[PDB]
Amino acid sequence: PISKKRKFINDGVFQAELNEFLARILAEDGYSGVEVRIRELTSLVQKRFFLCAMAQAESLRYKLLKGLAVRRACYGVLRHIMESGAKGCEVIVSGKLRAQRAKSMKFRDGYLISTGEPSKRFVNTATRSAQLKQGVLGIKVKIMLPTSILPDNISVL
Amino acid sequence: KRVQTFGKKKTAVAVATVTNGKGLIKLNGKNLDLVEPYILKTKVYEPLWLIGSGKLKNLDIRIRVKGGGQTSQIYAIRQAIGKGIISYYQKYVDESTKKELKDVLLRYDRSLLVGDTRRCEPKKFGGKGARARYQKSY
Amino acid sequence: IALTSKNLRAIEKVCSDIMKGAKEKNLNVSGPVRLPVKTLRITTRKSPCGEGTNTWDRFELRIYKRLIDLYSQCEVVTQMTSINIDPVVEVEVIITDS
Amino acid sequence: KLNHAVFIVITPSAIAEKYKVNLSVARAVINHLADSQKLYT
Amino acid sequence: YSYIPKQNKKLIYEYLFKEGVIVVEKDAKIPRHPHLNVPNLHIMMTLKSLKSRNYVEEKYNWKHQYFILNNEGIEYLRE
Amino acid sequence: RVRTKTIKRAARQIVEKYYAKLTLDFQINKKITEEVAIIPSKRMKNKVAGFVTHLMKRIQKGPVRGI
Amino acid sequence: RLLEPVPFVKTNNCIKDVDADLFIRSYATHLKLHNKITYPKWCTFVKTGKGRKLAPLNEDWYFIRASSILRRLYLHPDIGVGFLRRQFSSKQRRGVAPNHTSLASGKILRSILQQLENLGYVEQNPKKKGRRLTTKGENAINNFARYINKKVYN
Amino acid sequence: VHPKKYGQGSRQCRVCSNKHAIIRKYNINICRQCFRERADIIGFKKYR
RNA sequence: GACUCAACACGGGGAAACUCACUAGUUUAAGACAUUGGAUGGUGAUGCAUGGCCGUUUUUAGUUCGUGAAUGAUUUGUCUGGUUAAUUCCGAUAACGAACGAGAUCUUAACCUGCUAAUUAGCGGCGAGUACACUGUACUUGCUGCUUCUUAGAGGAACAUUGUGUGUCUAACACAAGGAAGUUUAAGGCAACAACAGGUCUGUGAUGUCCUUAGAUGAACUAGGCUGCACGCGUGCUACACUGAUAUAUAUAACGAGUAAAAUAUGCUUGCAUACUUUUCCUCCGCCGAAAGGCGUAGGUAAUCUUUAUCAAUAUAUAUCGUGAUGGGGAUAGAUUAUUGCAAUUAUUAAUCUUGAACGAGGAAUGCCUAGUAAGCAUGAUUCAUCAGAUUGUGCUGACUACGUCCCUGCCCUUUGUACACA
Ligand SMILES: [Mg+2]
Ligand SMILES: [Mg+2]
Ligand SMILES: [Mg+2]
Ligand SMILES: [Mg+2]
Ligand SMILES: [Mg+2]
Ligand SMILES: [Mg+2]
Ligand SMILES: [Mg+2]
Ligand SMILES: [Mg+2]
Ligand SMILES: [Mg+2]
Ligand SMILES: [Mg+2]
Ligand SMILES: [Zn+2]
C-alpha cells in the first residue's frame, strides 16, 4: 500500500531513471521513445523494477566525436532540419572550441519563438555535452515544429 | 416558501436560507442577538432596519457561516441577508416592493447586494508580504 | 471506479468515453465526480550556487483524481473499462456491493 | 515624578487629576458612589 | 571484507549466465544483491574485474551500474 | 490600453473583405469575426471585434487611411 | 446592559440563545450555591497552561472552567480532552523568541470531566468518540439558560 | 562502522549520491539542483 | 566558496556524530588489469580551461534581417512630435516590408450559467427522540427529490460598450452611467539579442589539465572544531507600555502535511540463535502526569481519519494593575523533570521554580511600500532522529498618502565633446 501522491512522484522518478538509462545506452541511436539486442535492455529494466530535437543533438555529438570542421557540421544539420519541414531552428555550440578561452557560436535558420507557453509547446529542445580533446563542447539544439495553430496569426479568409 | 442565497467577503461565505415563518433570524444555531462583538452588531442589523421589522414577520431566516475571521464573517452575513430578502421578494412577493427595497438598499450603500471582490494577493519571494521586499545595506 | 491521473484533458476524454460506453445499456451510472486536486508543490531555490538574488520556483504537479459509480457485474465493467487506454491514466475498479 | 496616594462629574482620569490618586482607588471610589473604560454622573 | 569464496563466485557467474546482465547497485555497505544473497561489494569487485578484461560491458546510470555481458565473456562462462 | 499591429492588421483585413456583413453593433461584429477569422483567444477576439467596430465608426464619417 | 430594541423575537429555548459569559457566571454561582463540585488539592496552586506563566487570580476559576466545558459539550457532539485543551489555548510569549500557540494543562480539565461524570452531567459514549453531555445534564443546562433569560427580561 | 541510519549522512541523493540539499518531501530524495533539471520528466510544471 | 547594487538567515548552510572539506590520531583496500607498468577515487588545485544551470545588465523595451538608398567602419529603416505599461500605435518620412522581444499565449484569483456532475461534500426528505415555545425552535441516533453554498470540468462575461469631455477631434487618454469587474480586471509564470573574464568543478560518474594514490589530499572510525571573542558591518526577533501587560470568558482562518528498526515466545551460554507479529509518519480518544511527556489503544496510505460547520493569534467582553525601569521588559544566570538520539558537556529542544540586565521611541545614515496592499497577528510546509527567531506559502485584523514629478538616485533616449575602447 502506497498513497496516490507518493505513487505519482515515484512513477515520475522511474520515468526519469529510464530516460537516463536510455541516454547512457543509446549513443548510436535516434533516441526519443519511452514506451514499454533489446532482450538485454528488457532484462535490465526488469531487474530495476520488480523533426525531433534529442535525436538531432545526439547526431551532432556523434559528429563532434568523429572530428569535423564544426561549422560545416552545424550547417549540414540546419539543412537537414529545413528538409524535415521545420518552421525554424537554432543550434548553439559553446565551450573550448579551437581556442582555449570561451567562444559560444549561434546557428539560427528560420524564426524561433522564445517567450510564452507557445515556446513551451511548439519547440523541442535538447542539450548534450560532447566530451572532446581538452574538455567538453556544449550542444544545445532548439527546433520550432510545424504548428496546433500559433496565437499570433489571425488568418482572414 | 424557502430561498437559499450566499454572501461573500474575503473568504467567508454566509449562506442565508430565507423561509416562511414568524420572524426570528439566526446563525448556525444562535440568535442574531449574539453575533459576537457589541460594536459590529449594527452591520448585521442594518438591512433589516432599512427594510422594516414588520416586513420580516412573514420571513424566518437561518444563516450558515463558514471560513474567514470576524469582521469579514459579519460582512458576509450582511450580504447574505441583503441578497436573501430581495431574492425572496423577487420570487414569492410582488415586483414593485422588491424594486423599492433594492432602491432603499442602494441609497444606503453597496455591499448589501453586490459583493466585495477583494482577496489576499500571493506573497512573493524576497519578502514577507505581497509587495514588501526584505532589505539591502549595500 | 477511481481514475487517478496527471493530465486533465486526457482524463476528461477517458471519462467521456466511459460515460458513452455506459449509455449503451444496463448501467445505472452516476456522473463523473472530479475530486479535490491535491497539488504537489515543490518550492526549490533556483541556482546551484548561492549567487543571485535567491529566486525560488514553485513547481506544481497537480494530480486529478476522478470518481465514478455503477450497479453491475464484474465482467461487464471490465469490458466497459476496455477502451484500449494507455500509460498515462491510472484506473482502479471497485466491485463492492458496499 | 508624582507618587500618588492610597490612604486618605465622574470619570477615573478626572478623579486622578483632582485629589491626586491611583486609578484603582479612583475605580473603587466610583464603585462606592454607584453603590473597561468609565463614564458617570 | 576481502574473503571472496570460490563457490559464491561460481554461483554469481552462473546467475550472470542465466541472465546475460547484472544491475549491481554501486553501494558500499548494502548487504545483498536483490536475488542472490551475496555480499554486494564482492559482486561489484567481480564485475569490475570482468570489465577490465572486456568480458563484460558497463553503462553507468545513477546509483546502479548496469553490466551487460560480452561474447568473449559468454564463451569464458562456458567453462 | 492600445492595440498592437496584429490586432490592427486583423481589423484592416476585415472591412476590406467583410464590410458587407458588418454594422455598428458590437455583438454582431464579434459574431462576424468569429465566423471569419481564426482567433484562438476569447479576450483577443473581443479586442479585435472592438477595434473593427471603432474602424467602422471612423468610416461613414470619413476616409480611414487604409482599405 | 445587554438589552436593546431588536427587529425580531428570540426563541429563548436552548443555551445557544443566551449570552455566553453571563451564562457561565450564573452557572458558576449556582455551582457555588450547591457545593456540587469540589476544588481538588492541586487546583489552588496550579497554572492552567504552559503559556500563562502565572496563576488564574479568579478564586473560583475552576467552577467557571467547568461551566465553560459544559457549554462546549452542549455545542459539539463528542468532545475529548485534547479538544478541550486546544479550545482553552492562548499565546505563549517565549520572551525573546516570537509567540507560539500553547496547549492548555489538560489534567485539570480531565479531573473536571471526571467530576461531572460522577455527578451525572457528562457521558462517555461507547459509540463514536470521547465524552458528550448526558441527557439529564443537557436538560438541566437548558433550564438554567431559560432561567437566566427570564432574569434578563425582568 | 558507526550508525548510518538517521542523519544527513544516512541517506543521499538518488541521482548523484550527495548528502547536501535533498528534497525529502514525498520520498523524492533528489538533491534540489538535480530535481530542478529533471522537474520536466517527473511531471512538475511551473504555472505560478 | 561569495565582497557595491548583482557577497553578508546566501551555498536550501537550523553542523552534538554522520554531514566534513578542518584539527589530534587510528585503521582499511573499496590497489581493476599485464614487486613493475597501469588505471581508479578526490567537499584536492584552477570557474581565468569549460559544460550545463542560475544570476544580473532587464522585466526595461530592446535586438535583428531582406531589398533599397546614403570609398569605408557604418547609417537609414529602428524618427521632429503626439500616444503607450511597452521600437505600443498614429503621424511625419530614403525608405518599404519582415522576424524575435513586447502584446497575445499559459496559470491562478475575480462574477455567471440559478445548463454539466454528486462521493470520501453538503442541502433538504423523513423516521426516532430530548428540551422549551405557539394553537415552531435548539440538539443527537437510523434510513435515503435538490446542487444555492462544497468540489471542478466545459462554457460565458469588458471591448474603453453606451454617455460626455480633452486629443493633429489620428493613435489615444479623463470623467460619468451600466456592471461581478473599467490602471492589458489583480497577480504571477514565460523571457529576445548580446554580454559580464559575475557565480557554481563544495550538485553531479557534466569535465580538461596539474597534483595526490597505502606513512593516500581515497574511503572508514574515535574524539574535537565550524558555535571559540577587545571589536566593525549585515538580515532578523523581542522590547521600551495603559489603543497596554496580567488573568478568566468569548469569537472566529486559509494553504497544508501525514506509514534496514522494534515487540513477544522458544532453545542454550547480559549475549546469540530460532519462531512470530504489530509497531517506524499524522495523532483522535481513554487513563497517569503541575508541566513537559508517558502508557494503552483508534482511525488514516487520505474531500473518509489526524481535522477542518474549525488546528491559530490579533480580535472582543469582563476583572487585576495604574505610570512608578512598574505586575512594562525576559536578557544573563542558577539549580530539575522529560523527549529525541549510540552520544546532549561548549548547556539539542522542551517544561517547572527562581534571577529582573540593557531599553523612557533611538544619532550619522538608510530600507520597504499605492488596496485586501504597509503594518500588525498568527499559522502550514521546507530543512527534521530532535530543534524557527530562517525561508517559503497561506490566511486573519485592514491604515496613512499619492494618483504625480524629474529635485536627488538609478536606468534609457536624441544632441554634443572626448586623447577612453582593459572603455
Ligand atoms: Mg512574442
Ligand atoms: Mg542544531
Ligand atoms: Mg563533525
Ligand atoms: Mg565566470
Ligand atoms: Mg540602426
Ligand atoms: Mg509577454
Ligand atoms: Mg557556519
Ligand atoms: Mg535558513
Ligand atoms: Mg535607494
Ligand atoms: Mg586606445
Ligand atoms: Zn544529485
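Cβ coordinates were reconstructed from backbone atoms using ideal geometry, including for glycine residues, and neighbour counts include every protein chain displayed. No lab work stands behind these numbers, since they all come straight from the coordinates.
Annotations for the structure displayed:
- If you take the Cα centroid of the range G:105-154 and the Cα centroid of the range B:83-138, the two points sit 41 Å apart.
- Averaging the Cα positions of each part gives two centres, and for the range C:45-98 and the range A:81-157 these lie 33 Å apart.
- 0 to 90° range, to nearest 10: angle between helix H:32-42 axis and chain H longest Cα axis: 50 degrees
- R0 of 22 Å, Cβ-Cβ distance H:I41-E:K9: FRET efficiency to nearest 0.05: 0.05
- GNM top mover of C:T55, C:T44, C:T78 - chain C, alpha-carbon springs below 10 Å: C:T55
- With the convex hull drawn around the C-alpha atoms of chain D, the volume per residue stands at 81 Å³.
- Pairwise inverse Cα distances across the protein assembly as shown, averaged and inverted, put the Kirkwood hydrodynamic radius at 36.1 Å.
- More than 20 angstrom apart: percent of Cα pairs within chain G: 55 percent
- Amide H contacts for A:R108 (H built 1.01 Å from N in the peptide plane; partners 5 or more residues away or on another chain; cut-off under 5 Å): A:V91.
- Inter-site label distance for A:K103 and C:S98 at 7 Å from Cα along Cβ, in nm: 7.7 nm
- Backbone amide hydrogens, once placed in the peptide plane, bring G:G49 within less than 5 Å of G:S105, excluding anything fewer than 5 places away on its chain.
- Column: log10 I(q)/I(0), Debye, Cα scatterers of chain E, q = 0.11, 0.12 Å⁻¹: -0.25, -0.29
- In order along the range C:17-34, phi translates into HN-Hα couplings of 4, 5, 4, 4, x, 4, 4, 2, 5, 6, 10, 7, 8, 5, x, x, 10, 7 Hz, rounded to whole numbers, per the Karplus curve 6.51 cos²θ - 1.76 cosθ + 1.60 with θ = phi - 60° and x for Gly and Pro.
- Radius 10 Å from Cβ of A:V156, net charge of other residues (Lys, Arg +1; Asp, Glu -1): +2
- Loop-resident sites, the range G:69-110, for chymotrypsin sites (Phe, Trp or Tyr not before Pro), counting at most 13 other Cβ within 10 Å (DSSP): none
- More than 16 Å apart - percent of Cα-Cα pairs taken over chain H: 41 percent
- As a rough guide to protection, the peptides H:15-27, G:12-24, A:110-122 ranked by mean Cβ packing within 10 Å, highest first, stand as G:12-24, H:15-27, A:110-122.
- Amide H partners (placed H, <5 Å) of B:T19, local residues excluded: B:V3, B:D60, B:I61, B:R62
- Reachable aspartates and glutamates, given that their alpha-carbon falls under 18 Å from the alpha-carbon of H:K46 and they are not under 8 places away in the same chain: A:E117, C:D57, C:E60, H:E37
- Charge dipole (debye, nearest 20) of chain G; +1 at Cβ of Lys and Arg, -1 at Cβ of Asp and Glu: 600 debye
- Net charge of the neighbourhood of A:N124, taken over other residues with C-beta under 14 Å away and scored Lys/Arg +1, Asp/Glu -1, is +3.
- Filtered chymotrypsin sites (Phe, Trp or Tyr not before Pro), the range F:1-41: DSSP coil and at most 16 other beta carbons within 10 Å: F:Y19
- Couplings 3J(HN,Hα) of the range C:5-15, computed from phi: 7, 8, 9, 4, 4, 4, 4, 4, 4, 4, 4 Hz, in residue order, whole Hz [Karplus 6.51 cos²θ - 1.76 cosθ + 1.60, θ = phi - 60°; x for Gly and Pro].
- Over the residues of chain B, the helix contribution to mean residue ellipticity at 222 nm works out to -11000 deg cm²/dmol, using -39500 (n - 2.57) for each DSSP H run of at least 4.
- Just checking the listed ones, B:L105, B:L59, B:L50: in the Gaussian network model of chain B with Cα springs under 10 Å, the one fluctuating most is B:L50.
- Membrane-span-like helices in chain E, defined here as complete DSSP H runs extending at least 30 Å along the helix axis by their C-alpha atoms with mean Kyte-Doolittle hydropathy no lower than 1.6, are absent; this is a sequence and geometry rule, not a statement about a membrane.
- Unpaired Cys in the protein assembly as shown, meaning no second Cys C-beta under 4.7 Å: A:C52, A:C74, A:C89, B:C120, C:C15, C:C49, C:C74, G:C14, G:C43, H:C16, H:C34.
- Rounded tilt (10° steps) of B:71-92 against the dominant C-alpha axis of chain B: 30 degrees
- Nitroxide proxy distance, nm - points 7 Å out along Cα→Cβ at G:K150 and B:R2: 3.4 nm
- MRE, 222 nm, helices only [DSSP H, n ≥ 4, -39500 (n - 2.57), over chain G, to nearest 500]: -14500 deg cm²/dmol
- Karplus-derived 3J(HN,Hα), 6.51/-1.76/1.60, for each residue of the range A:136-142, Hz, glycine and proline x: 10, 9, x, 7, 9, 10, 9
- Of the chymotrypsin sites (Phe, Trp or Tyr not before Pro) found in the range E:1-72, the ones in coil according to DSSP and having at most 10 other Cβ atoms within 10 Å of their Cβ are E:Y1, E:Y3.
- What you get for the protein assembly as shown, charging only the Cβ of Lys and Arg (+1) and of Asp and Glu (-1), is a dipole of about 2720 debye around the Cα centre.
- Pairs beyond 18 Å (Cα-Cα), from C:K65/H:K25; C:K38/H:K25; A:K5/C:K13; B:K55/B:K99; F:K8/F:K47; B:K8/B:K83: C:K65/H:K25; A:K5/C:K13
- Helix-only mean residue ellipticity at 222 nm for chain F, each DSSP H run of n ≥ 4 adding -39500 (n - 2.57), per residue, nearest 500: -18500 deg cm²/dmol
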